[PDB]
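Colleague: Before anything else, here's the structure in question.
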Amino acid sequence: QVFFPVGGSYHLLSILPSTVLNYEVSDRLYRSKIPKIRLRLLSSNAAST
Amino acid sequence: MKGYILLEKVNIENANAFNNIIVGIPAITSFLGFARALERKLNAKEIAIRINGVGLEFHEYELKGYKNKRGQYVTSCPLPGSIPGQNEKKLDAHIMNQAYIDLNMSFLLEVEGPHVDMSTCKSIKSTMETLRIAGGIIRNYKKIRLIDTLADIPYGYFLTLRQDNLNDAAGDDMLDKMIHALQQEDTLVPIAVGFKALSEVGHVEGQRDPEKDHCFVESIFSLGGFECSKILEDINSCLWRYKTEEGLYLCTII
Amino acid sequence: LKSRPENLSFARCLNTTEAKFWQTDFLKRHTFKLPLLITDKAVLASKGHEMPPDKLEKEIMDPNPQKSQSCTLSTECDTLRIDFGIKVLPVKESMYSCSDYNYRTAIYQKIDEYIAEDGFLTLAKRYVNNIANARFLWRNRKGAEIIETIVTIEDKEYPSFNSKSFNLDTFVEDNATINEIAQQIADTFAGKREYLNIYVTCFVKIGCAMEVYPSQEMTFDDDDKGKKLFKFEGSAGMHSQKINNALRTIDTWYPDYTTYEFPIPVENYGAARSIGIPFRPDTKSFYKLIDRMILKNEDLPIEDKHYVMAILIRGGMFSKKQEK
Amino acid sequence: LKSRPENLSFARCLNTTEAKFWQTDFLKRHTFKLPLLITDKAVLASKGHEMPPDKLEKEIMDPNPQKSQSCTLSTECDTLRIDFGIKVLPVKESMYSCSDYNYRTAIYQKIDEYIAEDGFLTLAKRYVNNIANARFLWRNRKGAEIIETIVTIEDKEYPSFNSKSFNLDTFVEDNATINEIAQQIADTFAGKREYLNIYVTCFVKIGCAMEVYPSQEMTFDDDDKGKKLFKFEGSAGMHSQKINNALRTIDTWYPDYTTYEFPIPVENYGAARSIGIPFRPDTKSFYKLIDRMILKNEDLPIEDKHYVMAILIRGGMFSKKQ
RNA sequence: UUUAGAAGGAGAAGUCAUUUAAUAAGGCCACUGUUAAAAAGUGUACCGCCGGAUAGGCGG
């Protein structure tokens with residue numbers, strides 16, 4: 001959660017991640033040649049949970 | 001009495017570097033939030049100024065991890081100490097996605113308001129020691145200077161917005177356009193530039209501060225490029241400033 | 001005041017940087033230094049790990065190719081030098097987020113009462129004591145001829161220490177340099193000072209062409225599974241997390257201290273990785289003390305106050321139990 | 001206590017550095033030394049390996065291009081000089097991790113008892129014996145005229161050794177210098193001192209422009225193929241973990257010792273590559289012996305105590321799955 | 001008011017035995033370095049006296 005300067009006042013944000021976009025990006029980067037990272041910092045149990 | 005203040009060679013360690021689908025340069029919203037926090041810290045003090053427009057000049061970078069023999073990057077994370085909630089008493093803790101980066105960069109702030117002089121630089125120097133940049137920790141700095149000429153900017157590569165290259169590519173959805181535009185030009189990199197809106201303004205049970213307006217957001221991604229300081233066109237065409245619309249909190253150049 | 005706020009968080013007031021390793025000679029340690037680099041290596045071992053008595057009969061005589069990395073001093077430099085720095089910020093101006101307001105006022109009042117009563121001097125003296133004995137040498141420390149530590153604040157070069165003549169189980173309170181450094185740290189802790197900067201440099205006479213021990217990275221890869229050491233700007237170094245864990249090893253007020261007689265790092269439940277059991281799994285934990293201090297007003301003993309403020313300096317997310 | 005803790009590991013107590021190779025002349029041994037570098041060399045074999053008779057007829061007369069490296073002495077020096085060092089640390093202050101206190105106290109008590117009876121003297125004598133007979137030369141020991149080993153402690157230069165007289169099968173404990181050094185090593189092992197720093201310099205006379213044999217790099221099937229040699233600070237050298245294997249050849253207490261009658265390096269299962277058979281594949285292994293010594297709390301013969309202390313000196317990862 | 005706030009990856013190790021790179025050869029022709037200059041900057045600081053103070057002060 002962050003604070004954004006809307007006008008002269010402030011708004012509170014509740015940032016959420018888009019996992020379907022992440023999966024699509026993973027597929028497209030799999031079938032591509034752009035430099036990329038794997039980021040295997042996860043386990044099967046955690047991903048299940 | 002408008003002017004420009006340059007913070008020279010600021011070193012940041014363990015800065016956050018993991019957006020949803022981006023690893024590397026942190027989001028521009030982090031730098032703008034740092035500038036806003038600096039302005040708020042000064043305004044809470046006796047010196048009253050205002051900051052509009054920030055320019056970033058990269059000098060060095062280093063991702064936290066190592067490089068494979070195949071050329072890929074493998075990122076490292078600190079050992080998770082303890083996590084609140086369930087299973088908070090066991091020695092070993094769960095590991096989520098994270099990345100970190102060290103970077104040494106210079107900042108250019110377009111500051112406006114009364115009493116813009118060397119006293120303002122001294123105040124910013126005194127009050128900048130209790131701040132963080134994108135979750136990182138400031139360690140050292142070269143100096144703070146008052147700059148009105150473009151020729152005084154040291155050597156470095158600025159970061160601008162190149163959404164035209166994104167919009168000038170084939171493909172129906174802009175993911176294909178972004179991928180194709182990245183294939184044409186190796187300089188272009190994807191960066192996060194703001195947040196969209198996924199709900200309506202309201203109040204919920206449990207938040208950082210139950211007085212402001214709550215709104216669930218998403219991460220907004222675009223393209224960007226690196227331009228040398230010696231071949232920069234103009235001072236004004238390198239700044240990053242806020243932009244507010246109907247749930248379209250964003251950072252741009254203008 | 002019925003319970004803890006739904007969103008309360010703190011930040012660490014003791015921020016350390018990444019250490020960097022240099023090698024030099026003892027007689028010229030004040031003049032020159034040389035870089036220390038990390039070298040890859042490969043080993044060929046034998047399968048000696050504990051195997052089931054079925055697989056053992058099949059692969060007892062099998063070779064074991066493995067990869068590793070190592071750091072080693074050169075053949076003409078016999079002194080290891082480690083430089084780093086600390087930044088100190090006030091505890092009161094570190095509560096980044098607090099949803100409630102009465103709880104914030106109560107926390108400020110209790111912090112002010114603790115400042116008026118003690119003055120944050122015990123914890124400051126303990127931290128400087130941990131600095132002086134060079135506990136930050138988790139492995140290299142062992143087998144050292146001479147250990148020398150030097151502390152500088154901004155320009156004043158305080159006299160050097162001798163970490164060999166310091167027990168790692170007892171704390172010293174009678175030392176002029178320790179007294180003034182801890183007094184300045186306590187001044188920055190209470191709120192009299194906006195910030196404090198400290199620079200630490202340690203020389204170790206580990207021997208000629210011996211082995212030094214940098215920090216080890218935590219990486220995951222399908223093909224490689226070897227040992228990877230921390231490289232900092234092309235030189236060997238130590239993580240800031242590892243150094244910070246040594247500094248906050250001040251907890252001597254945990255239950256059953258008379259059965260163990262060694263300090264442990266301060267944590268929410270008193271857990272330490274070295275021992276494998278939590279020393280505060282009960283009403284001596286941080287949460288129970290902070291409930292017996294703020295929610296129901298009660299003058300806790302001085303040791304529990306020390307532990308609570310030591311937790312607060314460490315920082316964390318001490319919020320309420322979140323619910324759906 | 002009933003079982004080993006879920007996390008248990010011992011750091012090593014004998015830290016050997018990495019050898020560096022120099023070349024010199026025997027008459028000017030204490031005067032000068034010269035660097036010994038490594039030279040590339042490509043080779044052309046004639047396909048001498050064993051092949052099936054299908055492709056043997058068609059692929060026998062072909063050449064074979066490979067690459068490799070080599071290290072030989074110069075044409076003016078006939079002596080090879082090897083310098084390295086050892087650091088000795090107490091055995092008790094070596095348990096890196098242990099997720100139990102009862103096990104730690106039991107191990108400390110057992111080590112105190114072993115110090116009470118023996119005092120870590122036999123193992124110290126055997127280690128100095130393995131230093132004296134120059135078992136660490138490996139293939140450089142073959143076909144040598146004079147081997148002279150010198151051990152220096154602090155500033156006391158101990159009298160030189162004649163390494164060829166010692167036999168690689170029996171251990172001598174009657175030497176004055178060997179016992180004098182082993183006393184300090186045992187004192188460091190027990191805990192009377194904090195650390196010991198030994199320095200070893202070996203002179204081997206093999207002949208003019210002969211060949212020396214440094215350690216060979218282990219290469220996986222990723223980069224390339226070909227022989228690569230170990231270069232320490234430019235000059236050739238030996239791996240630190242290869243010298244430690246030679247000084248670890250003290251185990252003469254395994255079963256069926258009378259059948260073979262030679263020492264073997266201290267291993268968990270008693271594996272010996274020089275003969276290819278395992279000497280401790282059963283209840284005489286370290287895992288079986290340490291359980292009866294600590295958990296069951298029973299007395300053991302002093303040979304098994306010697307073997308257990310030798311394993312503890314080397315160190316390892318003695319963890320236990322739940 | 002910063003995808004905010006938090007963090008010990010650690011212990012153990014034998015890479016190795018062999019080797020035939022080898023035969024033959026035409027680097028060739030042609031060419032404008034040019035004009036102008038201050039090594040002087042004091043060129044080297046000596047005989048003596050009051051100083052009993054290696055304090056500090058006079059004469060040619």
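Just remember, in the structure tokens the first chain shown is A, the second B, etc., residues are 1-based per chain, and ligands are 1-based in the order shown.
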Compile the contact shell of segment 271-274 of chain D as a PDB file with N, CA and C atoms, in the first residue's frame: residues with an atom at most 9 Å away, counting only C-alpha atoms (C1' of nucleotides), same-chain residues fewer than 5 positions apart removed.
Modeller:
ATOM      1  N   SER C  46      34.581 -38.505  -2.637  1.00  0.00           N
ATOM      2  CA  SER C  46      34.002 -39.836  -2.609  1.00  0.00           C
ATOM      3  C   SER C  46      32.655 -39.773  -1.905  1.00  0.00           C
ATOM      4  N   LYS C  47      31.756 -40.677  -2.285  1.00  0.00           N
ATOM      5  CA  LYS C  47      30.416 -40.677  -1.714  1.00  0.00           C
ATOM      6  C   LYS C  47      30.444 -41.189  -0.281  1.00  0.00           C
ATOM      7  N   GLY C  48      30.564 -40.274   0.680  1.00  0.00           N
ATOM      8  CA  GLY C  48      30.617 -40.621   2.085  1.00  0.00           C
ATOM      9  C   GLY C  48      29.418 -40.214   2.909  1.00  0.00           C
ATOM     10  N   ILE C  60      29.074 -47.348  -3.341  1.00  0.00           N
ATOM     11  CA  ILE C  60      30.044 -46.944  -2.329  1.00  0.00           C
ATOM     12  C   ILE C  60      31.350 -46.498  -2.980  1.00  0.00           C
ATOM     13  N   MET C  61      31.805 -47.212  -4.008  1.00  0.00           N
ATOM     14  CA  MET C  61      32.992 -46.824  -4.767  1.00  0.00           C
ATOM     15  C   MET C  61      32.594 -46.094  -6.047  1.00  0.00           C
TER      16      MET C  61
ATOM     17  N   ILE D 264      45.371 -46.280   5.159  1.00  0.00           N
ATOM     18  CA  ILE D 264      44.433 -45.724   4.187  1.00  0.00           C
ATOM     19  C   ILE D 264      43.987 -44.359   4.691  1.00  0.00           C
ATOM     20  N   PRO D 265      43.546 -43.478   3.793  1.00  0.00           N
ATOM     21  CA  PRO D 265      43.007 -42.189   4.242  1.00  0.00           C
ATOM     22  C   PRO D 265      41.730 -42.371   5.046  1.00  0.00           C
ATOM     23  N   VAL D 266      41.516 -41.460   5.992  1.00  0.00           N
ATOM     24  CA  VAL D 266      40.378 -41.546   6.902  1.00  0.00           C
ATOM     25  C   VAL D 266      39.118 -41.149   6.143  1.00  0.00           C
ATOM     26  N   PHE D 279      36.719 -50.746   3.145  1.00  0.00           N
ATOM     27  CA  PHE D 279      37.181 -51.416   4.350  1.00  0.00           C
ATOM     28  C   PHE D 279      36.211 -51.309   5.517  1.00  0.00           C
ATOM     29  N   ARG D 280      35.270 -50.370   5.480  1.00  0.00           N
ATOM     30  CA  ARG D 280      34.265 -50.215   6.533  1.00  0.00           C
ATOM     31  C   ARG D 280      32.878 -50.079   5.915  1.00  0.00           C
ATOM     32  N   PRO D 281      32.350 -51.148   5.320  1.00  0.00           N
ATOM     33  CA  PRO D 281      30.994 -51.103   4.759  1.00  0.00           C
ATOM     34  C   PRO D 281      29.896 -51.554   5.711  1.00  0.00           C
TER      35      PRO D 281
END
Colleague: Can you write out as JSON lines which residues of segment 172-224 of chain B fall within 9 Å of segment 33-41 of chain A, alongside each residue's closest atom pair and its distance in Å to one decimal, counting only C-alpha atoms and ordering rows by chain and ascending residue number?
Modeller:
{"residue": "B:179", "atom": "CA", "partner": "A:34", "partner_atom": "CA", "distance": 8.0}
{"residue": "B:182", "atom": "CA", "partner": "A:34", "partner_atom": "CA", "distance": 7.4}
{"residue": "B:183", "atom": "CA", "partner": "A:34", "partner_atom": "CA", "distance": 6.9}
Colleague: Quick one: of C:8, C:313, C:300, C:51, who's nearest to chain D, counting only C-alpha atoms?
Modeller: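 Residue with the minimum atom-to-atom distance to chain D: C:51.
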Colleague: Write out as a VMD selection string all residues of segment 168-312 of chain D that backbone DSSP assigns to strand (DSSP E).
Modeller: chain D and resid 196 to 205 231 to 232 235 to 236 249 to 251 264 to 265
Colleague: Residues near residue 9 of chain D, anyone? I mean within 6 Å using only C-alpha atoms (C1' of nucleotides), not counting same-chain ones fewer than 6 positions away, as a list in words.
Modeller: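 In the requested format, the answer is residues 96, 97, 316, 317 and 318 of chain D; 11 of chain E.
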Colleague: With C-alpha atoms (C1' of nucleotides) retained, could you export that selection as a PDB file, in the first residue's frame?
Modeller:
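Full text of part.pdb as output:
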ATOM      1  CA  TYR D  96      29.893 -25.404  13.480  1.00  0.00           C
ATOM      2  CA  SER D  97      26.226 -26.259  14.026  1.00  0.00           C
ATOM      3  CA  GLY D 316      32.134 -33.266   7.634  1.00  0.00           C
ATOM      4  CA  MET D 317      28.359 -32.966   7.449  1.00  0.00           C
ATOM      5  CA  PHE D 318      26.940 -35.516   9.900  1.00  0.00           C
TER       6      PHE D 318
ATOM      7  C1'   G E  11      29.536 -27.613   6.794  1.00  0.00           C
TER       8        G E  11
END
Colleague: Compile the residues of chain E that lie within 10 Å of chain D, evaluated using only C-alpha atoms (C1' of nucleotides), and express the compilation as a PyMOL selection string.
Modeller: chain E and resi 10-16+18-21
Colleague: Suppose you want the space between atom CA of residue 127 of chain B and atom CA of residue 153 of chain C; what is it in Å?
Modeller: 18.4 Å
Colleague: Pull out every residue of chain B sitting within 10 Å of chain C, counting only C-alpha atoms, and send them as a ChimeraX atom specification.
Modeller: /B:13-14,62,64-66,68,74-79,81-86,88-92,126-127,129-130,137-139,205-211
Colleague: For segment 39-47 of chain E, please output as a list in words all residues within 12 Å (counting only C-alpha atoms (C1' of nucleotides); exclusion window: fewer than 2 positions along the same chain).
Modeller: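 Contacts, in chain order: residues 49, 59 and 60 of chain E.
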Colleague: Using 6 Å as the limit and counting only C-alpha atoms (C1' of nucleotides), can you tabulate each residue of chain E that touches chain C, with its shortest atom-to-atom distance in Å and the two atoms involved, as a tab-separated table?
Modeller:
residue	atom	partner	partner_atom	distance
E:5	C1'	C:9	CA	5.6
E:6	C1'	C:316	CA	5.0
E:8	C1'	C:242	CA	5.0
E:9	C1'	C:218	CA	5.4
E:13	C1'	C:45	CA	4.5
